[PDB]
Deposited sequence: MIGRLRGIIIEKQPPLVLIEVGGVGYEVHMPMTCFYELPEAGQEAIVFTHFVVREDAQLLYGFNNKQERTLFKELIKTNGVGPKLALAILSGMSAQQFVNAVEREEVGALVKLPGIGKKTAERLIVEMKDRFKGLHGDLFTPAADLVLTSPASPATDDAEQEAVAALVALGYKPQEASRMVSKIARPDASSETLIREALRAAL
């Protein structure tokens, strides 16, 4: 449920940051390429977070923008790749370099990074390439926002794209598109 923290950077111990919100000091685990961009200790930072809930522990993974978080969330969906590994992948290379290596199927650039291997590198590339097709954008709009909303409700991507086509009126909010699209389907 915790999507964003805004507070004072108390300490940096890569890959860990300690952000103070109120008087609560959150431990945020961040990939090294996001780590370089952090403000200075004593200054306010805004980090986008991904809460991983376990039975044994509760952890916050933090990123500087939503595109990096989505990438990380996409990455941990593939069997064999978890938060620590995803943290290492985005430490060894930026999000843009990772997407570029996925698109050009560079399965030699990723094999060096610890904990994955050769077959999982290959499976990661195949799988991520497939996931990027339907993924957001600007690294990988009202009408697109509206399809996403509909997919979130339970419609299948293609059928949601169908619904947001019939009433798709350029220069119109994503919400009215969702309202209009849902109205003419029930």
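Of the deposited sequence, only positions 141-157 lack a modelled C-alpha atom.
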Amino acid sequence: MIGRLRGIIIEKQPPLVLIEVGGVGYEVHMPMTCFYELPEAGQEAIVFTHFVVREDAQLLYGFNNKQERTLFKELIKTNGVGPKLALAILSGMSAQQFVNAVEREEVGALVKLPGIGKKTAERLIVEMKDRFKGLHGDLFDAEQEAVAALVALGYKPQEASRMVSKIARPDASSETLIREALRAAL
From here on, numbers count along this sequence of modelled residues.
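Annotation for 16-24 versus 159-167: the higher mean temperature factor (C-alpha) is found in 159-167. The mean Cα B-factor in the deposited entry runs higher for 127-135 than for the other of 46-54 and 127-135.
Set against one another, the Cα B-factors of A184, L5, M1, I8 in the record reach their highest point at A184. Highest CA B-factor among the listed residues (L87, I116, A101, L75): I116. Sorting the modelled residues of the chain by their CA temperature factor places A142 in the highest third.
When the modelled residues of the chain are ordered by their C-alpha B factor, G108 lands in the highest third.
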